[PDB]
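Here we start with a single chain on its own, the form deposited in one PDB entry, put down as structure tokens.
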């Protein structure tokens, strides 16, 4: 009755939920509505929606999409955010004529600033993956924006706890797979996975057998094969090694990654060589995520 009174829904943008473009009619302004069907939810999932709404109002950062309204109706809940109009970063990269380590580094720098902000606010995302990395607009030099904090949790300082088995198979951290207490480091692991894909166009851990995948993640069994990693700077590999560290107490933090020479000295450390095989391989990677 009441949401349909104020917003008009148009096309679908993505999918847990669906996200549709809406217009707030009488204000003549557009947003993205994350629309959750609340029948397909337990008592605990309803309570987690109130936490999701809470978390999203806390976060004010240029690299995080902002929440504008939270409306619950008969069967549904509506979270109304800023509309960002450039689509996935990963889909944008493949349409570019030039793509280098310097571009990867600037993307990761923006992501890490988003993640530092979350961590400073006591918020751990838990599910960072390509799907959450949107572009503010179609304009050149648009900001990378984090969208969707559906699995995000609130942490108490630097305390670790067993918050549940949650996340996406290829980006899951060893500590979560071992069923160990976890916290902020889970997000840095996921960033290492994202940085690896950004450099070569394929993921560090992959197996058609999920149980084997999990054993690979838990062992830290990734490598940098020739020929394609031969033209990657040692400092990009070094950053990846420090994010994909199996022991979360030893893993690099967001604050530390932002001071890493490949990030903070991008302009004199990151390669500017076009990586055409990354572009081509990422197109294939994207196609598999959509299939």
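Positions refer to the first chain, counted from 1.
The entry shows a gap from residue 15 to residue 16, with 1 to 3 unmodelled residues of the deposited sequence in between. Here the stretch with the larger average CA B-factor, out of 185 to 193 and 74 to 82, is 74 to 82. Between 242 to 250 and 44 to 52, the higher mean Cα B-factor belongs to 242 to 250. Within the group 117, 145, 106, 178, the record's highest C-alpha temperature factor is found at 145. When the modelled residues of the chain are ordered by their C-alpha B factor, residue 205 lands in the middle third. Per the deposited record, the Cα B-factor of residue 97 falls in the highest third when ranked against the other modelled residues of its chain. Among the modelled residues of its chain, residue 122 has a C-alpha B-factor that falls in the middle third according to the deposited record. In the PDB entry, residue 110 places in the lowest third of its chain by CA B-factor. Among the modelled residues of the chain, residue 265 sits in the lowest third by CA temperature factor in this PDB entry.
Below, we turn to the form solved in complex with a partner chain, even though it does not appear here.
Contact check for 44, 168 and 201: all three have a heavy atom within 4.5 Å of its partner chain in the entry with it bound. Comment: its partner chain is not present in this chain, but in the entry with it bound one of 102, 94, 155, 136 has a heavy atom within 4.5 Å of it, namely 94. In terms of contact with its partner chain in the entry with it bound, the residue from 144, 116, 197, 83 that brings a heavy atom within 4.5 Å is 197. Residue contact check for residue 77: none of its heavy atoms lie within 4.5 Å of its partner chain in the entry with it bound. By the criterion of a heavy atom within 4.5 Å, residue 210 is counted among the residues contacting its partner chain in the entry with it bound. Though the partner is left out of this view, residue 106 does not reach within 4.5 Å of its partner chain in the entry with it bound, counting heavy atoms only.
Contact between residue 260 and its partner chain in the entry with it bound is not found at the 4.5 Å heavy atom cutoff.
Per the 4.5 Å heavy atom criterion, its partner chain in the entry with it bound is contacted by stretch 121 to 129, the sole one of 68 to 76, 121 to 129, 108 to 116, 136 to 144.
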